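As a starting point, one isolated chain is supplied in structure tokens, in the form deposited in one PDB entry.
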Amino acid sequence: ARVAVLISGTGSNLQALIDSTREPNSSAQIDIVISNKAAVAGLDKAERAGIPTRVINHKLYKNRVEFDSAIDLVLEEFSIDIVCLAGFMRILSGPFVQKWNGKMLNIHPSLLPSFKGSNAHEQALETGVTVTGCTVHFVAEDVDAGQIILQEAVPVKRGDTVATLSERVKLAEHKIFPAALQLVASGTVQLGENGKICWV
């Protein structure tokens, strides 16, 4: 299966996906990395790995639909089967999500359905949980509400900050996102006709 990874930043999840998809038994290959932001470290990681990159600046487009159309054009150019959102921080439009339904994965640094949104660690710390984690899910129109594929719990330690908690949770992210991608790319897991997750 042919994979696009979309990013907005550092790209540690991208790097874990690059490493995993290059193992001999990988059912996924990463054929393009798309960033909505120029000059981010994730683009360096892609170039270093010999993977093509494109920057599609959302601030140059009139609305969300035009931006998504620009993304979609590149996805078609590279005959992409699966899209991974790996620190990509834009909400995708309904029609784009529907087109890629069952074919687009997102990583989120909480145990969904807790702490939906952009600042999950801040929320976790404010709430005072002692267990948080991360989630890979299929992308649905409703943000952070799509079908869950894998999750991993991560403890919150006394005195944690966003810096230390996000660091600990990223260790888990780098495990479950490659695992989830392999499950979907191998056809082991799919979004069922009833919309629920199906293990074949």
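Between two forms, the rigid core is defined as the largest C-alpha subset superposing within 1.5 Å. The numbering used is simple: start at 1 and walk along the sequence shown.
Relative to one another, 163-171 and 25-33 have unequal mean CA B-factors, and 25-33 is the one with the higher figure.
According to the PDB record, 54-62 carries the higher mean C-alpha B-factor of the two stretches 144-152 and 54-62. Highest C-alpha temperature factor among 109, 102, 113, 94, as the PDB entry reports it: 94. Ranking 70, 139, 136, 131 by Cα temperature factor from the entry places 70 first. Ranked against the other modelled residues of its chain, the C-alpha B-factor of residue 185 as given in the entry falls in the middle third. Per the deposited record, the Cα B-factor of residue 179 falls in the lowest third when ranked against the other modelled residues of its chain. When the CA B factors of the chain's modelled residues are split into thirds, the value for residue 75 lands in the middle one. Annotation for residue 191: C-alpha temperature factor in the highest third relative to the rest of the modelled chain, per the entry.
There is also a form deposited in another entry; it is not shown, and the following applies to it.
Considering 49, 60, 171, 153, one residue stands apart with a C-alpha shift of at least 2 Å between the shown form and the other one following superposition on the core, and it is 60.
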